[PDB]
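Residue numbers (the deposited numbering): 3 to 455.
Right, one structure below, let's go through it.
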Ligand SMILES: Nc1nc2c(ncn2[C@@H]2O[C@H](COP(=O)(O)OP(=O)(O)OP(=O)(O)O)[C@@H](O)[C@H]2O)c(=O)[nH]1
Ligand SMILES: [Mg+2]
Ligand code: NA
């Protein structure tokens with residue numbers, strides 16, 4: 003019986019510092035390389051317990067109990083308001099969450115939305131009150147524990163931190179939580195612990211990691227979920243074709259044990275795919291599976307929770323955002339297909355049928371672009387995953403007959419088929435493509451405004 007590696011989801015409002023926090027722990031620069039300077043996908047990173055203990059050093063004694071976890075699997079999530087469905091997926095996967103909140107800006111709309119998600123999935127969480135280094139006159143020392151760094155601050159900075167912390171505590175009370183600075187908490191099951199940190203300079207990461215490990219272990223012990231059992235269950239993050247590996251999928255395995263010869267069922271763009279794994283490859287520890295610096299290593303199995311790449315025949319048509327379910331018998335295959343269909347079908351995007359055509363590369367991207375258009379009262383004709391089809395172009399033309407404004411296709415991280423592009427040129431139907439949600443929408447609006455003039 004192997005010990006579970008817990009999923010730690012990182013949630014919070016746009017720019018409050020989620021990816022910077024993980025980059026400081028990994029010594030990576032994922033945030034610097036994100037297109038459009040925002041997270042737009044779920045990420046997964048293995049942080050071995052040896053790393054936790056090195057960062058924490060003597061502050062591991064902050065937590066009475068011995069930490070027996072093998073490590074932590076951190077799931078990064080988008081803050082941008084459109085990506086509600088990816089924040090929900092991250093919250094639903096988590097054993098414990100880190101709610102990142104800018105101590106200077108305080109609660110904002112996706113802080114509140116994240117809390118509602120954590121309440122919905124009854125996910126325990128710790129709070130990272132980030133960007134303390136912007137308090138006036140703050141004395142920065144890199145990678146210093148908060149309880150050491152706070153001693154370097156003058157009284158004005160200390161008083162400003164406490165004032166801002168009280169604002170956060172009042173906001174948590176508004177939403178039904180008792181919260182305090184982590185070193186003042188008396189009951190870690192009934193109270194929310196707030197760690198003041200600087201993600202960018204590494205202040206307070208030591209105490210934050212000790213609490214994450216301690217509290218996630220406690221959750222798993224309280225639930226009797228610390229031992230991993232059963233066949234593998236996961237969610238697909240990305241579908242890729244890679245030299246020497248073939249068509250692969252990068253996934254999060256959130257329960258059970260995945261083996262390199264397992265039969266699996268995965269969501270597909272047309273229909274469910276039943277295949278047998280031929281290789282598993284695991285990212286290096288501290289490498290973000292969605293933006294890796296290193297090639298992955300072949301492994302025979304992974305135990306939950308883990309990020310892993312799967313090589314198997316027939317994965318070219320796999321659908322990102324859909325389940326991967328190990329299915330060792332025919333009965334299991336039948337069950338897995340229905341569970342996959344339920345997940346796919348449930349993406350419900352209301353369409354006005356005199357509106358825009360929306361295509362995207364993953365289910366999470368399709369939902370985000372759809373949600374953002376609805377918020378902007380841009381009617382949606384149709385929304386589906388995959389490259390722009392000739393049909394998509396013909397449907398857009400029909401809309402164009404009724405209302406040229408909406409006789410358009412928006413393609414989020416997708417390509418245009420050749421016969422679709424031929425027809426679109428001949429019939430003068432516009433197709434917008436992009437890989438940054440806010441820029442794709444701005445491009446569609448700029449085209450609308452400028453055409454009217
Ligand atoms: N001064 C300061 N800036 C920070 C800190 N943490 C993050 N930032 C900065 O805030 C900006 C946004 O940081 P990100 O890590 O992308 O924030 P995020 O929460 O992951 O953002 P989204 O994923 O798009 O919601 C960047 O310019 C970071 O350098 C911090 O501790 N101090
Ligand atoms: Mg981010
Ligand atoms: Na950002």
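For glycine and all other residues, C-beta sits at the position ideal for the given N, C-alpha and C.
Taken in chain order, the unbroken stretches of beta strand (DSSP E) that lie wholly in the region 183–237 and span 3 residues or more are 193–198. Between the C-alpha atoms of residue 231 and residue 302 there is a straight-line separation of about 17 Å. For residue 275, the beta-bridge partners assigned by DSSP are 268. Cβ atoms of residue 101 and residue 14 come within 8 Å of each other, at about 6 Å. Residue range 365–377 is occupied by the alpha helix (DSSP H) that includes residue 370. With respect to residue 197, residue 206 sits close: the two C-beta atoms are nearer than 8 Å.
Only buried fits residue 151, as 16 or more other CB atoms lie within 10 angstroms of its CB. Residue 419 places its beta carbon less than 8 Å from that of residue 391. Using a Cβ distance threshold of 8 Å, residue 281 and residue 199 do not count as a contacting pair. By the beta-carbon neighbour count (other beta carbons within 10 angstroms, threshold 16), residue 394 is buried. Going by C-alpha positions, residue 144 is about 9 Å away from residue 202. For residue 407, the closest alpha carbon among the candidates 447, 112, 388 is that of 447. A straight line joining the alpha-carbon of residue 346 with that of residue 364 spans about 11 Å.
With a threshold of 7 Å, the Cβ atom of residue 81 counts as near ligand 2, since some heavy atom of the ligand is closer than that.
With respect to the C-alpha of residue 261, the residue from 300, 224, 159, 361 having the closest C-alpha is 300. Taking the Cα positions, residue 226 is about 14 Å away from residue 257. For residue 338, the secondary structure class from DSSP, reduced to helix, strand or coil, is helix. Taking the Cβ atoms as the reference, residue 414 lies roughly 5 Å from residue 371, within the contact range of under 8 Å.
When rounded, the separation of the alpha-carbon atoms in residue 92 and residue 428 is 43 Å.
In this structure, the beta-carbon distance from residue 114 to residue 11 does not fall below 8 Å.
The straight-line gap separating the alpha-carbon atoms of residue 172 and residue 229 is approximately 38 Å. The beta-carbon separation of residue 128 and residue 217, rounded to 6 Å, stays under the 8 Å limit for a contact.
In this structure, residue 182 and residue 169 do not form a Cβ contact; the two beta carbons are roughly 13 Å apart against a cut-off of 8 Å.
Look at residue 225: its beta carbon is at least 7 Å from all of the heavy atoms in ligand 2. DSSP places residue 294 outside any beta strand (DSSP E), giving it a letter other than H or E. Collapsing the DSSP output to three states places residue 105 in coil. Nearest Cα to residue 70 within the set 214, 36, 81, 32: 214. Distance from the CA atom of residue 59 to the CA atom of residue 53, rounded to whole angstroms, is 10 Å. Looking from the CA of residue 293, the closest CA among 149, 159, 45 belongs to 45.
The C-beta of residue 138 has fewer than 16 other C-beta atoms within 10 Å across all chains shown, which makes the residue exposed. Residue 245 places its beta carbon 8 Å or farther from that of residue 208. If you keep only unbroken beta strand (DSSP E) runs of at least 3 residues inside the region 107–167, you get 127–132. Residue list for ligand 2: 20, 21, 41 (CB closer than 5 Å to any heavy atom, chain order).
Shortest Cα-Cα distance from residue 188 to any of 107, 64, 306 involves 64. Taken through DSSP and simplified to helix, strand or coil, residue 171 comes out as helix. Cα atoms of residue 112 and residue 349: separation of roughly 21 Å, rounded to the nearest angstrom.
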